[PDB]
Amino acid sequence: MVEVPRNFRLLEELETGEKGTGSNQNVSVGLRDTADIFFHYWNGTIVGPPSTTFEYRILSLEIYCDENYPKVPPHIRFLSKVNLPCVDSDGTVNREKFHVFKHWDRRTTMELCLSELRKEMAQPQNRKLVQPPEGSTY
């Protein structure tokens, strides 16, 4: 196939963020630790979509890309408390319930994972789930 090594995949995603124009301002990913050259941890942001019970909330996530990223999915945990089906009670994004993870395609980037979590909030079924008070954490 030609497998992109983990480190060069993560350099690619680092550069996409860096080259980002600033247009998409409803989802964001960025390096957590300023000095990790192996890019294990990423900070994620989702801005809850309009006309939902998530709307305009600044939701924080942590992303871990382990040894096998992107052969297996990244580990995504919400730091901000959410009521969303694919999110377990400790904030972990469930690997069998999040469509992107259940049918994992290598090509899926951390930014797309977050856009896809944001769409999950906008779905007709989920857009009315009662949320914890704004600012709540696990």
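All residue numbers refer to positions in the sequence shown, first residue = 1.
The mean C-alpha temperature factor is higher for 129-137 when 4-12 and 129-137 are set side by side. In this crystal structure, the stretch out of 88-96 and 40-48 whose C-alpha atoms carry the higher mean B factor is 88-96. The PDB entry assigns the greatest CA B-factor among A35, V82, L61, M110 to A35.
Among the modelled residues of the chain, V27 sits in the lowest third by CA temperature factor in this PDB entry.
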